[PDB]
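The chain contents come next:
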Amino acid sequence: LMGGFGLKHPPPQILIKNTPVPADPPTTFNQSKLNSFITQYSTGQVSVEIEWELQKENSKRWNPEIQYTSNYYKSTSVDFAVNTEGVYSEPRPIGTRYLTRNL
Amino acid sequence: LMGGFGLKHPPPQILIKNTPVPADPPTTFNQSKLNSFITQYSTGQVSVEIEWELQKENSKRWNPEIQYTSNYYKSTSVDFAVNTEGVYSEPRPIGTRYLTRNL
Amino acid sequence: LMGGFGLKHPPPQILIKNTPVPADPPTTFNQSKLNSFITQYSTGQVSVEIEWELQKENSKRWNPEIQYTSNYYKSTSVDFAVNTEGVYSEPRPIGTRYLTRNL
């Protein structure tokens, strides 16, 4: 309902965790689980590749269609770009449905 | 200068004419060229096929481009279509230069 | 106009950057982009090799030509060399056009 493709078998969840590294244990045995750990974080890069299959338009419509277009006139900043402060923003929502087809 | 492609050897001129059909000539010889002709016109169909080669866009531009689009809002008649009177008209001039490229 | 060789396809730009390494993130999730990073710089060596093709002189001129020459007489320091302070300097501009050729 929110939109999208519904799959019985969707891309699987990928779960990541830092393995625990204990701080020094006591020198005489205690059965309680360890609660003292070294403090850690991790950083890395991640890549996703997707192949999409397209369906081309086959229209016999004579006149031009509606198209998404960037604004013609001057503006303080560029839409879909950064700030003077380095903040990316997306100005509007963009849908998918510009071309037309008969029923 | 008006625009277009300039060719040393452009598509050749194609010339068409109705052949003359004389009305009845005089029954005794006269040397003067005939000036009496049957009245004729012709009609037919003509076909042109052209193959155009395209150059595709290779842009790395992040934000959307300008595009020619048909008007979004309601109107008395459809642009690039006929009248109630059957007259086709082209409402605006359309150029070629919407996408962008660096220098 | 500043001089040199003009190429449709010149040596490509080479871009280098240090990958970001985050400082420790917060322990409960926040959606905002990370703004705390470890401080880093990098150093290395870089090599360029170029092959140049030369055009040799073919002159029938009897008398000697002009040539770029280093100065004959004594001087406080050597031209195109370092300081007592270790600063390299280039004393004059050197052009390319000493030999002669007819028109």
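Listed as the method for this PDB entry is X-ray crystallography; the listed resolution is 2.7000 Å.

Caption draft 1: Structural context of the interface of chain A and chain B. Contacts between the two partners involve 16 residues from chain A, matched on the other side by 16 residues from chain B. Carbon and sulfur atoms supply 61% of the area that chain A and chain B bury against each other, a total of about 1300 Å² over both sides. Area buried by chain A at its contact with chain B is led by A:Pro64, A:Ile66 and A:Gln67, which between them contribute 33% of it. Between chain A and chain B we count zero salt bridges in total. For the pair chain A and chain B, the interface holds eight residue pairs in polar contact.

Caption draft 2: Region of the structure containing the side chain of A:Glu65. Overall, the relative accessible area of 11% leaves A:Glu65 in the buried class. One polar contact links the side chain of A:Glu65 to the main-chain amide nitrogen of A:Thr100, over a distance of 3.0 Å. Excluding residues that lie within four positions of it along the chain, A:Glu65 makes contacts with A:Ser59, A:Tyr98, A:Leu99, A:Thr100, B:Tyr68, B:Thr69 and B:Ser70.

Caption draft 3: Molecular detail of the interface of chain C and chain A. On the chain A side, the residues contacting the eight residues of chain C number five residues. Together, the buried faces of chain C and chain A total about 410 Å²; carbon and sulfur atoms form 57% of this surface. Summed over the shared surface of chain C and chain A, the number is zero salt bridges. The interface formed by chain C and chain A holds two residue pairs in polar contact in total. For the side of chain C that touches chain A, a count of residues per class yields five nonpolar, one polar and two charged.

Caption draft 4: Representation of the pattern of salt bridges within the structure. Residue and element names in this part refer to chain B. For the structure on display, the rule yields six salt bridges over all chains. Two residues, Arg61 and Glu65, come together in a salt bridge whose shortest N-O distance is 3.9 Å. Residue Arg61 is classed as partly exposed on the basis of its relative accessible area of 32%.

Caption draft 5: Main features of the relation of the copies chain A and chain B. When chain A is brought onto chain B, the operation consists of a screw motion whose angular component is 180° and whose axial shift is 0.0 Å, with 0.0 Å RMSD remaining. Here the two chains are linked by the operation of a two-fold rotation axis. Of the C-alpha atoms belonging to chain A, the one lying closest to the rotation axis is found on A:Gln67, 3.1 Å away. A shared binding surface is used by both copies, with 100% of the interface residues of chain A retained as interface residues in chain B.

Caption draft 6: Seen up close, the packing of aromatic side chains. Inspection of the entire model under this criterion finds five aromatic pairs over all chains. Here the aromatic rings of A:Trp62 and B:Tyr88 are separated by 6.4 Å at their centres, their planes lie at 80°, and the arrangement is edge-to-face. Judged by its relative accessible area of 66%, A:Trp62 is exposed. On the basis of an interplanar angle of 80° and a centroid distance of 6.3 Å, the ring pair of C:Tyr68 and C:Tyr98 is categorised as edge-to-face. Relative accessible area serves as the criterion here: at 28%, C:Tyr98 is assigned to the partly exposed category.

Caption draft 7: Looking closely at the side chain of B:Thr69. The buried category is assigned to B:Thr69, whose relative accessible area is 16%. A distance of 3.2 Å separates a polar atom in the side chain of B:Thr69 from the backbone nitrogen of A:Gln67. Once residues within four sequence positions are removed from consideration, B:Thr69 is found in contact with A:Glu65, A:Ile66 and A:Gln67.

So, how was this worked out
- Residues numbered from 1 in each chain as written, not as in the entry; some residues may be left out.
- Chains lettered and ligands numbered in written order.
- Part of a larger assembly, values for the part shown.
- Heavy atoms only, no water.
- Contact = heavy atoms within 4.5 Å.
- Buried area = accessible area lost by both parts, 1.4 Å probe.
- Salt bridge = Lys/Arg side-chain N within 4 Å of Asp/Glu carboxyl O.
- Polar contact = N/O pair within 3.5 Å; in protein donor to acceptor, adjacent residues only side chain to side chain.
- Buried < 20%, exposed > 50% of the residue type's maximum accessible area, 1.4 Å probe, protein only.
- Nonpolar A, V, L, I, M, F, W, Y, C, P; charged D, E, K, R; others polar.
- Least-squares fit on C-alpha atoms.
- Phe/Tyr/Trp six-rings, centres within 6.5 Å; stacked < 30°, edge-to-face > 60°.

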